[PDB]
Every structure is written in structure tokens, then in C-alpha cells.
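Chemist: Got a structure for you, written out below as C-alpha cells; questions coming shortly.
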Amino acid sequence: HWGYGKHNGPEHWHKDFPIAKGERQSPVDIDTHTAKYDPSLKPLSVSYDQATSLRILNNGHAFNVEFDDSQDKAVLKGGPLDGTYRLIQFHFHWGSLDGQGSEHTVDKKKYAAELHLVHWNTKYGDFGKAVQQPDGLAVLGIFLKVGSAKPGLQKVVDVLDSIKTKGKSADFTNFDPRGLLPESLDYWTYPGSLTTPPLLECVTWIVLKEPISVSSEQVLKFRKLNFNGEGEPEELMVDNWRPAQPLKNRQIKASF
Ligand SMILES: COC[C@H](NC(C)=O)C(=O)NCc1ccccc1
Ligand SMILES: [Hg+2]
Ligand SMILES: [Hg+2]
Ligand SMILES: [Zn+2]
């Protein structure tokens, strides 16, 4: 089954998921000199004050912080988006070393990690129908660099002990994702896909320019996580990132 290793990694995904060679695949390199400032972009609106987190799951490829999306609380609108997209989960992609980890790159620069807060277009009723639509999803991408600790990430850090192997989950209520946002909402945007199989080409990507700083000790604990399930030999959850894919004539816009 799909993973990030030699025998099942991103170079193999196309066999089960043909769309891997598709026309709007993600992530991509953000060539900052070719992206164009777009005057028609409305200001971004990230409203996470009412967010209702439920749990945290090791799914054998990343961990998911999942939210109650049965009502219009944590919502993303504005920017390149039409209408409202509700927050369903977030997860990270991260490296084995600080020089790699992010999925999107900026002028070929890799960050230590990347956070994706995943949202679905509420005109489609739920997530399931949302991923059958070219505008079904909006993902806010945020870079991580190793630096000063990020106070609003330590509560996820602290819980990782409890979900070390594939298929474990713990309760994770009252988590405030506002604690993960850099100061500036300047971003690049382009149409793309999810970066894990099934790689569905349903995503409006909104990639923040300003990275968050996280401490080495915080990112170390990410890398103590396991891809294997309990009582299987240890494979560290590291390098769970897909590399940049062909742009194929899509245009990246800057909000700034
Ligand atoms: C990770 O592939 C699934 C898909 N991924 C996204 C949205 O980033 C998703 O909607 N996941 C959320 C979810 C998971 C299990 C049950 C119900 C909802
Ligand atoms: Hg998985
Ligand atoms: Hg789609
Ligand atoms: Zn992701």
C-alpha cells in the first residue's frame, strides 16, 4: 500500500492513482519571479475563533487534527475563493532533517515542514461530495522553519507520545488553530490537488508567504512518530512529503 519509501513512494503512486501524472497536481515550486500580483483578489478571511477540534489521529502517513464541521465555525473565505469553505482537519508534512520537509517550495527552497489546513466548499453539502468537484476544497498552506518555539503548536507536540503508531488516536478538544498562523496573510494561490492519494484535483491552494518558526525540539518530536502500527518493527515517520510536480501552464498569483 502507498507510502513514502523506496518501494511505495511518490514515484510509484501513478500505478494505482493515474491522476498522479495529471494536469493540476500538487505540490509545486513557487517561482516568485513568475507569479503575478492579482488586483482582482479579495482579502483573505480566516475565521478560526469558533473552531471545534475533536481528536488527533495517526493514520500511518501523518497525523490529523480533525474538527467538527457539522456547522459553519472555522471557515475560510475571500482571496481567490467564491463563498465559504469549512475547516475539516489539519496535518503536517515534515523532513528527516531541517533542510527538507515542505511540499511546496519557494524558488526551489525547501522548508523544514509544511502545514495544510484542509477546508471544504459548503455549497457541496459535505467533504465527500466536495471532492468530486474542481472547486470542492481549499487548502491553506503554511511553511515551518526551525527557530524559536511556536507556543500554539506545543499542545499538538505534547499529545504525540499518545499516538505514536498507525491507527492510534487521542481526544483533542479545544484546540485553537489561530495559534498556528503567522502574522501576515500574504499568499500565493493556484489550482491543484491533494498531495496524498487519491491525489484529487479539487484544491484551491493558498500558500502563505510568511513562514512560522518552530523549535528544533518541537520538530524532533514530530520525527519520533511511527508509520508502523503497534508491535511492528519501527519505521520513523519522516520525509512524508511529496516533491514538487509539473506546473503545466497553471499560473500562480500573488496577493501582494
Ligand atoms: C486524508 O484523506 C481524506 C480526506 N483528506 C483531507 C480532507 O485532507 C478527508 O477529508 N479527511 C477527513 C476525514 C477522514 C476520515 C473520515 C472523515 C473525514
Ligand atoms: Hg496512510
Ligand atoms: Hg475534483
Ligand atoms: Zn497535506
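Ligands are numbered from 1 in the order shown, chains are lettered A, B, ... in the order of the C-alpha cells, and residues start at 1 in each chain.
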Could you go through segment 1-247 of chain A and tell me which residues DSSP, when run on the backbone, assigns to alpha helix (DSSP H), listing them as a ChimeraX atom specification?

Modeler: /A:13-16,127-130,154-159,216-222

Chemist: Could you tell me, counting only C-alpha atoms and all ligand atoms, which protein and nucleic acid residues lie no more than 12 Å from ligand 4, written as a PyMOL selection string?

Modeler: chain A and resi 26-27+61-65+89-94+101-104+113-119+138-143+193-197+199+203+205+207+240-243

Chemist: For residue 49 of chain A, which of A:78, A:179, A:3, A:229 is the closest residue, counting only C-alpha atoms?

Modeler: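 Smallest distance to residue 49 of chain A is found for A:179.
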
Chemist: Going by DSSP on the backbone, which residues of segment 17-241 of chain A come out as strand (DSSP E)? List them as number ranges by chain.

Modeler: A: 29-30, 36-37, 42-47, 53-58, 63-67, 75-79, 85-94, 105-106, 113-121, 137-146, 169-171, 187-192, 203-208, 212-214

Chemist: For residue 175 of chain A, which residue among A:217, A:234, A:68, A:126 is the nearest when counting only C-alpha atoms?

Modeler: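 Checking each candidate against residue 175 of chain A, we get A:68 as the closest.
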